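> Below is start.cif; it holds mmCIF, N, CA and C atoms.
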```cif
data_start
loop_
_atom_site.label_atom_id
_atom_site.label_comp_id
_atom_site.auth_asym_id
_atom_site.auth_seq_id
_atom_site.Cartn_x
_atom_site.Cartn_y
_atom_site.Cartn_z
N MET A 1 18.07 -11.64 37.13
CA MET A 1 18.28 -12.73 36.18
C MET A 1 17.38 -12.55 34.96
N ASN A 2 16.28 -11.82 35.14
CA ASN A 2 15.35 -11.57 34.05
C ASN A 2 15.76 -10.34 33.24
N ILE A 3 16.02 -10.54 31.96
CA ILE A 3 16.37 -9.44 31.07
C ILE A 3 15.23 -9.14 30.10
N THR A 4 14.90 -7.85 29.96
CA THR A 4 13.85 -7.43 29.05
C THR A 4 14.42 -6.57 27.92
N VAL A 5 14.03 -6.89 26.69
CA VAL A 5 14.40 -6.08 25.53
C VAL A 5 13.19 -5.77 24.67
N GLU A 6 13.20 -4.60 24.04
CA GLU A 6 12.01 -4.07 23.38
C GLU A 6 12.37 -3.39 22.06
N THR A 7 11.48 -3.52 21.08
CA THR A 7 11.64 -2.82 19.81
C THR A 7 10.30 -2.33 19.28
N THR A 8 10.31 -1.16 18.65
CA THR A 8 9.10 -0.60 18.07
C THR A 8 9.23 -0.46 16.56
N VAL A 9 8.29 -1.05 15.82
CA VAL A 9 8.38 -1.09 14.37
C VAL A 9 7.18 -0.39 13.73
N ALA A 10 7.45 0.46 12.75
CA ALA A 10 6.40 1.24 12.10
C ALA A 10 5.76 0.44 10.97
N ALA A 11 5.00 -0.58 11.34
CA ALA A 11 4.37 -1.46 10.35
C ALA A 11 3.08 -2.06 10.90
N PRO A 12 2.19 -2.48 9.98
CA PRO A 12 0.94 -3.15 10.35
C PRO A 12 1.16 -4.35 11.26
N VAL A 13 0.23 -4.57 12.18
CA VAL A 13 0.35 -5.65 13.15
C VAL A 13 0.51 -7.00 12.45
N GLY A 14 -0.34 -7.24 11.46
CA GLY A 14 -0.27 -8.49 10.73
C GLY A 14 1.03 -8.65 9.97
N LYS A 15 1.53 -7.55 9.41
CA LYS A 15 2.77 -7.58 8.65
C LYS A 15 3.95 -7.93 9.54
N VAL A 16 3.98 -7.35 10.74
CA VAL A 16 5.03 -7.64 11.70
C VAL A 16 4.96 -9.10 12.16
N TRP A 17 3.75 -9.57 12.43
CA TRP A 17 3.55 -10.96 12.85
C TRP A 17 4.05 -11.93 11.78
N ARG A 18 3.72 -11.63 10.52
CA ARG A 18 4.16 -12.46 9.40
C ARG A 18 5.68 -12.49 9.31
N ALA A 19 6.29 -11.31 9.38
CA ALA A 19 7.73 -11.19 9.23
C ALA A 19 8.47 -11.86 10.38
N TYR A 20 7.81 -11.93 11.53
CA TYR A 20 8.43 -12.46 12.74
C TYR A 20 8.76 -13.94 12.58
N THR A 21 7.78 -14.72 12.14
CA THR A 21 7.96 -16.15 11.97
C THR A 21 7.31 -16.63 10.67
N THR A 22 7.96 -16.34 9.55
CA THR A 22 7.74 -17.09 8.32
C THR A 22 9.06 -17.54 7.71
N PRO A 23 9.14 -18.83 7.35
CA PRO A 23 10.37 -19.43 6.83
C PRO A 23 10.95 -18.64 5.66
N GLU A 24 10.09 -18.29 4.71
CA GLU A 24 10.50 -17.47 3.57
C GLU A 24 11.04 -16.12 4.05
N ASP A 25 10.44 -15.59 5.10
CA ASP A 25 10.90 -14.34 5.69
C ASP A 25 12.22 -14.54 6.45
N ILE A 26 12.36 -15.71 7.06
CA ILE A 26 13.59 -16.05 7.77
C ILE A 26 14.77 -16.14 6.80
N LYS A 27 14.51 -16.64 5.60
CA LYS A 27 15.54 -16.74 4.57
C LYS A 27 16.11 -15.36 4.25
N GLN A 28 15.29 -14.33 4.40
CA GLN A 28 15.75 -12.95 4.26
C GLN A 28 16.37 -12.45 5.56
N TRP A 29 15.83 -12.90 6.68
CA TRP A 29 16.27 -12.42 7.99
C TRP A 29 17.56 -13.11 8.42
N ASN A 30 17.95 -14.14 7.68
CA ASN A 30 19.22 -14.81 7.91
C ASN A 30 20.31 -13.81 8.29
N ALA A 31 20.56 -13.67 9.58
CA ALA A 31 21.64 -12.82 10.06
C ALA A 31 21.62 -11.46 9.36
N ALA A 32 20.42 -10.94 9.13
CA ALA A 32 20.26 -9.59 8.60
C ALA A 32 21.29 -9.31 7.51
N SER A 33 21.42 -10.24 6.56
CA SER A 33 22.48 -10.18 5.56
C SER A 33 22.14 -9.15 4.49
N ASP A 34 23.18 -8.51 3.95
CA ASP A 34 23.02 -7.64 2.79
C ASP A 34 23.44 -8.36 1.51
N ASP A 35 24.46 -9.20 1.62
CA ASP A 35 24.94 -9.98 0.48
C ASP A 35 24.66 -11.46 0.68
N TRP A 36 24.84 -11.93 1.90
CA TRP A 36 24.57 -13.33 2.24
C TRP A 36 25.20 -13.70 3.58
N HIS A 37 24.44 -14.39 4.41
CA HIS A 37 24.98 -15.02 5.61
C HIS A 37 24.46 -16.44 5.77
N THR A 38 25.31 -17.33 6.28
CA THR A 38 24.97 -18.75 6.36
C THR A 38 24.24 -19.06 7.66
N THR A 39 22.91 -18.99 7.61
CA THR A 39 22.08 -19.51 8.69
C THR A 39 20.91 -20.32 8.14
N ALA A 40 20.27 -21.09 9.02
CA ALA A 40 19.05 -21.80 8.66
C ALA A 40 18.20 -22.09 9.89
N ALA A 41 16.91 -21.78 9.80
CA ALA A 41 16.00 -21.96 10.93
C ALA A 41 14.75 -22.73 10.51
N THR A 42 14.28 -23.61 11.40
CA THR A 42 12.99 -24.26 11.21
C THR A 42 12.13 -24.13 12.47
N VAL A 43 10.91 -23.64 12.30
CA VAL A 43 10.06 -23.30 13.43
C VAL A 43 8.67 -23.91 13.27
N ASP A 44 8.25 -24.67 14.28
CA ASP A 44 6.85 -25.05 14.41
C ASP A 44 6.18 -24.30 15.55
N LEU A 45 5.43 -23.26 15.21
CA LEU A 45 4.88 -22.35 16.21
C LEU A 45 3.57 -22.89 16.77
N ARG A 46 3.65 -23.59 17.91
CA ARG A 46 2.47 -24.14 18.55
C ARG A 46 2.80 -24.61 19.97
N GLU A 47 1.77 -24.70 20.81
CA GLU A 47 1.92 -25.28 22.14
C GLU A 47 2.42 -26.72 22.05
N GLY A 48 3.64 -26.95 22.51
CA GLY A 48 4.23 -28.27 22.43
C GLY A 48 5.10 -28.44 21.20
N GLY A 49 5.11 -27.43 20.34
CA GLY A 49 5.86 -27.51 19.10
C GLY A 49 7.29 -27.04 19.25
N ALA A 50 8.20 -27.63 18.48
CA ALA A 50 9.62 -27.37 18.64
C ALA A 50 10.11 -26.37 17.60
N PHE A 51 11.21 -25.68 17.91
CA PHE A 51 11.87 -24.81 16.94
C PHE A 51 13.39 -24.92 17.06
N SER A 52 14.08 -24.62 15.97
CA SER A 52 15.54 -24.69 15.95
C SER A 52 16.12 -23.68 14.96
N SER A 53 17.23 -23.07 15.35
CA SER A 53 17.92 -22.12 14.48
C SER A 53 19.43 -22.33 14.52
N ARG A 54 20.02 -22.60 13.36
CA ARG A 54 21.45 -22.85 13.27
C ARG A 54 22.16 -21.68 12.59
N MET A 55 23.23 -21.19 13.22
CA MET A 55 23.99 -20.07 12.69
C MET A 55 25.44 -20.48 12.42
N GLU A 56 25.97 -20.03 11.29
CA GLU A 56 27.34 -20.36 10.92
C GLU A 56 28.12 -19.11 10.53
N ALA A 57 29.43 -19.15 10.71
CA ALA A 57 30.30 -18.06 10.27
C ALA A 57 30.34 -17.97 8.75
N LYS A 58 30.55 -16.76 8.24
CA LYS A 58 30.56 -16.53 6.80
C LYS A 58 31.57 -17.43 6.11
N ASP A 59 32.70 -17.67 6.77
CA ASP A 59 33.76 -18.50 6.21
C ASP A 59 33.55 -19.97 6.57
N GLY A 60 32.48 -20.25 7.32
CA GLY A 60 32.09 -21.62 7.58
C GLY A 60 33.06 -22.32 8.51
N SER A 61 33.81 -21.55 9.28
CA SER A 61 34.84 -22.10 10.16
C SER A 61 34.22 -22.56 11.48
N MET A 62 33.06 -22.02 11.81
CA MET A 62 32.41 -22.30 13.09
C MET A 62 30.91 -22.07 13.00
N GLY A 63 30.18 -22.60 13.98
CA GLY A 63 28.75 -22.33 14.07
C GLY A 63 28.11 -23.00 15.26
N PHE A 64 26.85 -22.69 15.51
CA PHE A 64 26.14 -23.20 16.68
C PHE A 64 24.67 -23.43 16.37
N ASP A 65 24.05 -24.34 17.12
CA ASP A 65 22.63 -24.65 16.93
C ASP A 65 21.83 -24.33 18.18
N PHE A 66 20.83 -23.46 18.03
CA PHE A 66 19.98 -23.08 19.15
C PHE A 66 18.58 -23.67 19.00
N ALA A 67 18.15 -24.42 20.01
CA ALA A 67 16.90 -25.16 19.93
C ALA A 67 16.03 -24.91 21.15
N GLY A 68 14.72 -24.95 20.96
CA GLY A 68 13.80 -24.74 22.07
C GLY A 68 12.42 -25.31 21.79
N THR A 69 11.55 -25.25 22.79
CA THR A 69 10.19 -25.76 22.65
C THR A 69 9.16 -24.73 23.11
N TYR A 70 8.08 -24.61 22.35
CA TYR A 70 7.03 -23.64 22.67
C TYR A 70 6.09 -24.18 23.74
N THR A 71 5.75 -23.33 24.70
CA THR A 71 4.90 -23.73 25.81
C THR A 71 3.54 -23.04 25.74
N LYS A 72 3.50 -21.90 25.05
CA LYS A 72 2.25 -21.16 24.88
C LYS A 72 2.30 -20.32 23.60
N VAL A 73 1.23 -20.39 22.82
CA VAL A 73 1.11 -19.59 21.60
C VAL A 73 -0.30 -19.05 21.43
N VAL A 74 -0.41 -17.73 21.29
CA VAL A 74 -1.70 -17.08 21.15
C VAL A 74 -1.69 -16.06 20.01
N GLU A 75 -2.23 -16.45 18.87
CA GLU A 75 -2.57 -15.50 17.82
C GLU A 75 -1.39 -14.58 17.51
N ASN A 76 -0.19 -15.14 17.57
CA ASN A 76 1.02 -14.41 17.19
C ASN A 76 1.17 -13.15 18.04
N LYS A 77 0.54 -13.14 19.20
CA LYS A 77 0.52 -11.96 20.06
C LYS A 77 1.12 -12.27 21.43
N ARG A 78 0.91 -13.49 21.90
CA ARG A 78 1.58 -13.97 23.10
C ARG A 78 2.26 -15.32 22.85
N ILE A 79 3.58 -15.35 22.98
CA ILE A 79 4.35 -16.54 22.64
C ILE A 79 5.41 -16.83 23.69
N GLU A 80 5.23 -17.92 24.43
CA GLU A 80 6.16 -18.30 25.48
C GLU A 80 6.78 -19.66 25.19
N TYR A 81 8.07 -19.79 25.46
CA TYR A 81 8.81 -21.00 25.12
C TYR A 81 9.96 -21.23 26.10
N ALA A 82 10.51 -22.44 26.09
CA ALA A 82 11.60 -22.79 26.98
C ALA A 82 12.86 -23.13 26.20
N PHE A 83 14.00 -22.61 26.65
CA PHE A 83 15.26 -22.76 25.93
C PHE A 83 16.32 -23.40 26.83
N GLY A 84 16.46 -24.72 26.72
CA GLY A 84 17.39 -25.43 27.58
C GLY A 84 16.99 -25.38 29.04
N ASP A 85 17.86 -24.81 29.87
CA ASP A 85 17.55 -24.62 31.28
C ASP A 85 16.90 -23.26 31.51
N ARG A 86 16.70 -22.51 30.43
CA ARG A 86 16.18 -21.15 30.53
C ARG A 86 14.78 -21.06 29.93
N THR A 87 14.10 -19.95 30.20
CA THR A 87 12.80 -19.68 29.58
C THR A 87 12.75 -18.27 29.01
N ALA A 88 11.84 -18.05 28.07
CA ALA A 88 11.63 -16.73 27.49
C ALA A 88 10.17 -16.51 27.11
N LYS A 89 9.74 -15.26 27.14
CA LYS A 89 8.37 -14.91 26.78
C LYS A 89 8.33 -13.71 25.85
N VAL A 90 7.60 -13.84 24.74
CA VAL A 90 7.50 -12.77 23.76
C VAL A 90 6.09 -12.21 23.71
N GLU A 91 5.98 -10.88 23.75
CA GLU A 91 4.69 -10.22 23.73
C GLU A 91 4.62 -9.20 22.60
N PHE A 92 3.45 -9.08 21.98
CA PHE A 92 3.23 -8.08 20.95
C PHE A 92 2.18 -7.06 21.39
N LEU A 93 2.54 -5.78 21.31
CA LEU A 93 1.63 -4.70 21.69
C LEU A 93 1.31 -3.81 20.49
N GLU A 94 0.03 -3.57 20.26
CA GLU A 94 -0.40 -2.65 19.22
C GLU A 94 -0.45 -1.21 19.74
N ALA A 95 0.37 -0.35 19.16
CA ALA A 95 0.37 1.07 19.52
C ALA A 95 -0.14 1.92 18.36
N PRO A 96 -0.65 3.12 18.69
CA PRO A 96 -1.12 4.08 17.69
C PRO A 96 0.01 4.57 16.78
N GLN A 97 1.23 4.55 17.30
CA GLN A 97 2.39 5.01 16.55
C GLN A 97 3.04 3.87 15.78
N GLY A 98 2.89 2.65 16.30
CA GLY A 98 3.51 1.50 15.69
C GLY A 98 3.27 0.22 16.47
N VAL A 99 3.97 -0.84 16.09
CA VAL A 99 3.86 -2.12 16.79
C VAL A 99 5.09 -2.39 17.65
N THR A 100 4.86 -2.61 18.94
CA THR A 100 5.96 -2.80 19.89
C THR A 100 6.11 -4.27 20.26
N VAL A 101 7.33 -4.78 20.17
CA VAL A 101 7.61 -6.16 20.52
C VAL A 101 8.52 -6.25 21.74
N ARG A 102 8.04 -6.94 22.78
CA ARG A 102 8.77 -7.01 24.04
C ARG A 102 9.12 -8.45 24.38
N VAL A 103 10.40 -8.68 24.68
CA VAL A 103 10.88 -10.03 25.00
C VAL A 103 11.52 -10.07 26.38
N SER A 104 11.04 -10.97 27.23
CA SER A 104 11.64 -11.17 28.54
C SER A 104 12.19 -12.59 28.68
N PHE A 105 13.48 -12.68 29.01
CA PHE A 105 14.19 -13.96 28.97
C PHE A 105 15.14 -14.09 30.15
N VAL A 106 15.47 -15.33 30.50
CA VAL A 106 16.41 -15.59 31.59
C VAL A 106 17.85 -15.44 31.11
N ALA A 107 18.68 -14.79 31.93
CA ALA A 107 20.09 -14.64 31.62
C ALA A 107 20.85 -15.95 31.83
N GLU A 108 21.87 -16.18 31.01
CA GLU A 108 22.73 -17.34 31.18
C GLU A 108 23.90 -17.02 32.10
N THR A 109 24.11 -17.88 33.10
CA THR A 109 25.12 -17.64 34.12
C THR A 109 26.52 -17.65 33.52
N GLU A 110 26.66 -18.31 32.37
CA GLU A 110 27.96 -18.43 31.72
C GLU A 110 28.31 -17.16 30.95
N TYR A 111 27.31 -16.32 30.73
CA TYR A 111 27.50 -15.11 29.93
C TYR A 111 27.05 -13.87 30.71
N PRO A 112 27.74 -12.75 30.49
CA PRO A 112 27.41 -11.47 31.13
C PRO A 112 25.97 -11.05 30.87
N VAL A 113 25.35 -10.45 31.88
CA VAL A 113 24.00 -9.92 31.74
C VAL A 113 23.92 -8.92 30.59
N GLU A 114 24.91 -8.04 30.51
CA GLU A 114 24.94 -7.01 29.48
C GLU A 114 25.01 -7.63 28.09
N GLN A 115 25.84 -8.66 27.95
CA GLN A 115 26.04 -9.31 26.66
C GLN A 115 24.76 -10.00 26.19
N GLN A 116 24.04 -10.60 27.13
CA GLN A 116 22.77 -11.24 26.82
C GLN A 116 21.73 -10.21 26.38
N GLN A 117 21.68 -9.09 27.09
CA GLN A 117 20.74 -8.02 26.76
C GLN A 117 20.99 -7.49 25.35
N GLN A 118 22.25 -7.24 25.03
CA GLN A 118 22.62 -6.66 23.75
C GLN A 118 22.30 -7.62 22.61
N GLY A 119 22.61 -8.90 22.81
CA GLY A 119 22.40 -9.89 21.78
C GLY A 119 20.93 -10.05 21.42
N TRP A 120 20.08 -10.13 22.44
CA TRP A 120 18.65 -10.33 22.24
C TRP A 120 18.01 -9.06 21.68
N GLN A 121 18.49 -7.91 22.13
CA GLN A 121 18.08 -6.63 21.57
C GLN A 121 18.47 -6.54 20.09
N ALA A 122 19.65 -7.06 19.76
CA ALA A 122 20.11 -7.08 18.38
C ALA A 122 19.19 -7.93 17.51
N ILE A 123 18.66 -9.00 18.08
CA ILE A 123 17.72 -9.86 17.37
C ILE A 123 16.45 -9.10 17.01
N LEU A 124 15.90 -8.37 17.98
CA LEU A 124 14.73 -7.54 17.75
C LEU A 124 15.06 -6.41 16.78
N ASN A 125 16.26 -5.85 16.91
CA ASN A 125 16.69 -4.77 16.04
C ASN A 125 16.80 -5.24 14.59
N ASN A 126 17.23 -6.48 14.41
CA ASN A 126 17.32 -7.07 13.08
C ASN A 126 15.94 -7.23 12.46
N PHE A 127 14.97 -7.63 13.28
CA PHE A 127 13.59 -7.76 12.83
C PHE A 127 13.05 -6.41 12.36
N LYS A 128 13.36 -5.36 13.12
CA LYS A 128 12.95 -4.01 12.75
C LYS A 128 13.54 -3.61 11.40
N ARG A 129 14.83 -3.88 11.21
CA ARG A 129 15.51 -3.53 9.97
C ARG A 129 14.96 -4.33 8.80
N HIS A 130 14.61 -5.59 9.06
CA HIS A 130 14.04 -6.45 8.04
C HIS A 130 12.70 -5.90 7.55
N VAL A 131 11.85 -5.49 8.49
CA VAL A 131 10.59 -4.85 8.15
C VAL A 131 10.82 -3.51 7.46
N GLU A 132 11.81 -2.77 7.94
CA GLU A 132 12.14 -1.47 7.35
C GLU A 132 12.41 -1.61 5.85
N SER A 133 13.07 -2.70 5.47
CA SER A 133 13.36 -2.96 4.07
C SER A 133 12.09 -3.37 3.32
N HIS A 134 11.06 -3.74 4.07
CA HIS A 134 9.76 -4.05 3.49
C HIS A 134 8.86 -2.82 3.49
N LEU A 135 9.36 -1.73 4.06
CA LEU A 135 8.61 -0.47 4.10
C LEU A 135 9.12 0.50 3.04
N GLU A 136 10.44 0.50 2.83
CA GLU A 136 11.05 1.39 1.86
C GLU A 136 10.71 2.85 2.16
N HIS A 137 10.68 3.19 3.44
CA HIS A 137 10.34 4.55 3.86
C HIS A 137 10.74 4.78 5.32
N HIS A 138 11.69 5.68 5.53
CA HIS A 138 12.18 5.97 6.87
C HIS A 138 12.98 7.28 6.89
#
```
Any chance you could give the structure as structure tokens?

Amino acid sequence: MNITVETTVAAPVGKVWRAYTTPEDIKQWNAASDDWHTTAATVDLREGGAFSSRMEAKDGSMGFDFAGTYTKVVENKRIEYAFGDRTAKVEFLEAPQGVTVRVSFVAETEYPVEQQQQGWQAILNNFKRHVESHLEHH
């Protein structure tokens, strides 16, 4: 039931932490858009603090709102939160080659394990690409 996804980004630890959860950065990370995608997220990163992210189709025909609450926050390095009936934990590791971000989350019984893994991996992959555009070197 526990799915783990991981991404490694060639950027400073502080830079990755900033890009991970800053509203201004989220405005860029909006569905990893090149021209524009309709999303909006608001995050209060703290123990007991709430967060929410709403995603919409480009044509505005459909969309969904994902909400959760933070249960543990440590220096942008250890971040654990609860999502509905599920839970997830995010960890940051400093490597000599780069910064590695690891996320472990509960699978939803309504959705395939594989589909959950790919989606959450895609989220981390989007973060990598977002930073990559802040590196201008690859």
> Quick one: which segment 79-100 of chain A residues come within 8 Å of segment 53-74 of chain A, and what is the nearest atom pair for each with the distance in Å to one decimal, counting all atoms listed in the file, rows ordered by chain and ascending number, as a tab-separated table?

```
residue	atom	partner	partner_atom	distance
A:79	CA	A:72	C	4.4
A:80	C	A:71	N	3.8
A:81	CA	A:71	N	3.9
A:82	N	A:69	C	4.0
A:83	CA	A:68	CA	4.6
A:84	N	A:68	CA	5.4
```
> From chain A, collect each residue whose DSSP state is strand (DSSP E) and return the set as a ChimeraX atom specification.
/A:2-9,39-43,50-56,63-74,78-83,86-94,99-106
> Given the file shown, enumerate the residues that the PyMOL selection byres (((chain A and resi 102 and name CA) around 8) and name CA) captures and present them as a ChimeraX atom specification.
/A:4-7,90-93,100-101,103-104
> For each of A:3, A:41, A:131, A:13, take the minimum atom-to-atom distance to residue 75 of chain A, counting only C-alpha atoms, then give the residue where this is smallest.
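Checking each of A:3, A:41, A:131, A:13 against residue 75 of chain A, counting only C-alpha atoms, the winner is A:13.
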> Taking (15.9, -27.6, 14.2) in the file's coordinates, which residues come within 6 Å, counting only C-alpha atoms, written as a ChimeraX atom specification?
/A:42,51-53
> Go ahead and write the selection's residues with N, CA and C atoms as a PDB file, in the frame of the given file.

```
ATOM      1  N   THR A  42      14.280 -23.610  11.400  1.00  0.00           N
ATOM      2  CA  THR A  42      12.990 -24.260  11.210  1.00  0.00           C
ATOM      3  C   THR A  42      12.130 -24.130  12.470  1.00  0.00           C
ATOM      4  N   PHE A  51      11.210 -25.680  17.910  1.00  0.00           N
ATOM      5  CA  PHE A  51      11.870 -24.810  16.940  1.00  0.00           C
ATOM      6  C   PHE A  51      13.390 -24.920  17.060  1.00  0.00           C
ATOM      7  N   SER A  52      14.080 -24.620  15.970  1.00  0.00           N
ATOM      8  CA  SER A  52      15.540 -24.690  15.950  1.00  0.00           C
ATOM      9  C   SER A  52      16.120 -23.680  14.960  1.00  0.00           C
ATOM     10  N   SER A  53      17.230 -23.070  15.350  1.00  0.00           N
ATOM     11  CA  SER A  53      17.920 -22.120  14.480  1.00  0.00           C
ATOM     12  C   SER A  53      19.430 -22.330  14.520  1.00  0.00           C
TER      13      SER A  53
END
```
> Can you tell me, as a PyMOL selection string, what residues are no more than 8 Å from residue 9 of chain A when counting all atoms listed in the file, ignoring any on the same chain fewer than 5 positions away?
chain A and resi 16+97-101+127-129+131-132
> Save the residues we just selected, N, CA and C atoms, as an mmCIF file, in the coordinates of the input?

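So the final result, stored in again_37.cif, reads:
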```cif
data_model
loop_
_atom_site.group_PDB
_atom_site.id
_atom_site.type_symbol
_atom_site.label_atom_id
_atom_site.label_comp_id
_atom_site.auth_asym_id
_atom_site.auth_seq_id
_atom_site.Cartn_x
_atom_site.Cartn_y
_atom_site.Cartn_z
ATOM 1 N N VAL A 16 3.980 -7.350 10.740
ATOM 2 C CA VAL A 16 5.030 -7.640 11.700
ATOM 3 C C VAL A 16 4.960 -9.100 12.160
ATOM 4 N N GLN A 97 1.230 4.550 17.300
ATOM 5 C CA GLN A 97 2.390 5.010 16.550
ATOM 6 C C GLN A 97 3.040 3.870 15.780
ATOM 7 N N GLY A 98 2.890 2.650 16.300
ATOM 8 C CA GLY A 98 3.510 1.500 15.690
ATOM 9 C C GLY A 98 3.270 0.220 16.470
ATOM 10 N N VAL A 99 3.970 -0.840 16.090
ATOM 11 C CA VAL A 99 3.860 -2.120 16.790
ATOM 12 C C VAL A 99 5.090 -2.390 17.650
ATOM 13 N N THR A 100 4.860 -2.610 18.940
ATOM 14 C CA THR A 100 5.960 -2.800 19.890
ATOM 15 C C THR A 100 6.110 -4.270 20.260
ATOM 16 N N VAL A 101 7.330 -4.780 20.170
ATOM 17 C CA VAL A 101 7.610 -6.160 20.520
ATOM 18 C C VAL A 101 8.520 -6.250 21.740
ATOM 19 N N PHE A 127 14.970 -7.630 13.280
ATOM 20 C CA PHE A 127 13.590 -7.760 12.830
ATOM 21 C C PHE A 127 13.050 -6.410 12.360
ATOM 22 N N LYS A 128 13.360 -5.360 13.120
ATOM 23 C CA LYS A 128 12.950 -4.010 12.750
ATOM 24 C C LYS A 128 13.540 -3.610 11.400
ATOM 25 N N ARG A 129 14.830 -3.880 11.210
ATOM 26 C CA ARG A 129 15.510 -3.530 9.970
ATOM 27 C C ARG A 129 14.960 -4.330 8.800
ATOM 28 N N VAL A 131 11.850 -5.490 8.490
ATOM 29 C CA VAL A 131 10.590 -4.850 8.150
ATOM 30 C C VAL A 131 10.820 -3.510 7.460
ATOM 31 N N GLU A 132 11.810 -2.770 7.940
ATOM 32 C CA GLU A 132 12.140 -1.470 7.350
ATOM 33 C C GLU A 132 12.410 -1.610 5.850
#
```
> To one decimal place, how far is atom CA of residue 118 of chain A from atom CA of residue 49 of chain A in Å?
27.2 Å
> Given the point (19.7, -9.4, 11.2) in the coordinates of this file, which residues lie within 8 Å, counting only N, CA and C atoms, and how would they look as a ChimeraX atom specification?
/A:28-33,122-130
> Measuring between all atoms listed in the file, which one of A:17, A:38, A:2, A:10 shows the shortest distance to residue 76 of chain A?
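Going through A:17, A:38, A:2, A:10 one by one, the smallest distance to residue 76 of chain A is for A:17.
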> To one decimal in Å, tell me the separation between atom CA of residue 136 of chain A and atom CA of residue 117 of chain A.
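Atom-to-atom, atom CA of residue 136 of chain A and atom CA of residue 117 of chain A are spaced 28.3 Å apart.
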> Taking the chain letters and numbering used in this document, name the residues of chain A that DSSP puts in helix (DSSP H, G or I), as a ChimeraX atom specification.
/A:13-20,23-32,113-135
> Find the residue from A:115, A:8, A:109, A:133 that sits nearest to residue 34 of chain A; use only C-alpha atoms when measuring.
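For residue 34 of chain A, the nearest of the candidates is A:133.
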> With distances taken over only C-alpha atoms, which residue among A:25, A:114, A:108, A:94 lies nearest residue 12 of chain A?
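Under the stated criterion, the closest residue is A:94.
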